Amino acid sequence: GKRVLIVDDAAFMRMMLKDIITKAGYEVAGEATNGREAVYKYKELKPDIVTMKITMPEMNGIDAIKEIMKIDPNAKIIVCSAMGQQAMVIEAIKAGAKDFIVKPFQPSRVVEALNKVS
């Protein structure tokens, strides 16, 4: 599955992600900026993969992951984290996330996380 839902607080982080993943042959299905928009674009876009940032306004990433799996037990979520967010990454993996990339990431490091999950 080539179609990615990019969910991120920061515009600069959505753009890089758009640019790395579409370079690696993935289709950006769409984007979102908080946890509430994330779950809605997901029902809408039925993406194969989701990249989810933890720290976001209104609804944080782990709450987005939780709702997304109750909605779809088979989602494939990669969490985007900062250094020092290791505990939160764990709660993400606990809540369903299949893997994680960390900011600032190596473009190969983002591509293989994508590849490992499909």
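Counting begins at 1, following the sequence as shown.
- Looking at the C-alpha B-factors along this chain, the one for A97 belongs to the lowest third.
- Ranked within its chain, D72 lands in the middle third, by CA B factor from the PDB record.
- When all modelled residues of the chain are sorted by CA temperature factor, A113 is found within the highest third.
- Per the deposited record, the Cα B-factor of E27 falls in the highest third when ranked against the other modelled residues of its chain.
- Compared with the other modelled residues of the chain, the Cα B-factor recorded for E37 ranks in the lowest third.
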